[PDB]
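Okay, here's what each chain looks like letter by letter:
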Amino acid sequence: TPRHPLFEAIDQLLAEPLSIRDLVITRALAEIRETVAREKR
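Residues numbered from 1 in each chain as written, not as in the entry; some residues may be left out. Part of a larger assembly, values for the part shown. Heavy atoms only, no water.

Looking at the entry header, you'll see cryo-EM listed as the method and 3.7 Å as the resolution.

See the structure below:
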């Protein structure tokens with residue numbers, strides 16, 4: 001019964017959660033440990 005690819009585009013949009021959280025967590029793990037090591041050095 002779904003014929004148009006608009007439903008498939010909506011399902012592709014709702015397949016993964018739209019989050020900026022992973023990039024901020026990766027930048028935090030790259031920055032905070034380096035800042036702690038720089039301060040202790």
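## Description of helix α2 (residues 21-40)
Worth spelling out the cut-off: A run of DSSP states H or I qualifies as a helix once it reaches four residues; a run of E qualifies as a strand once it reaches two. Both are numbered from the N-terminal end. To estimate the expected span of a helix, count its residues, drop one, and scale the result by 1.5 Å. A 1.4 Å probe rolled over the protein chains alone gives each residue an accessible area, and that area as a share of the maximum for its type sets the label: buried under 20%, exposed over 50%, partly exposed in between.
For α2, which comprises 20 residues, the first-to-last C-alpha distance of 28 Å matches the rise-based estimate of 28 Å (1.5 Å per residue) to within 8%. Counted residue by residue, α2 has zero buried out of 20 residues, so it is predominantly exposed.

## Quick word on a nonpolar patch on the surface
For clarity, the cut-off: To count toward a patch, a residue needs a relative accessible area above 30% and no salt bridge. Like charges then connect within 9 Å, nonpolar side chains (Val, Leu, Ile, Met, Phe, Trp, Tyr) within 5 Å. All accessibility values rest on the Shrake-Rupley procedure with a 1.4 Å probe; residue burial counts only the protein chains present in the view. Think of a salt bridge as a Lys or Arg side-chain nitrogen and an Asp or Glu carboxyl oxygen that are within 4 Å of each other.
Together, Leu6, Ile10, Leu13, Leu14 and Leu18 make up a nonpolar patch on the protein surface, roughly 560 Å² of accessible area in all. Assignment of secondary structure puts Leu6 in helix α1 (residues 6-13). For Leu6, a relative accessible area of 49% corresponds to the partly exposed category.

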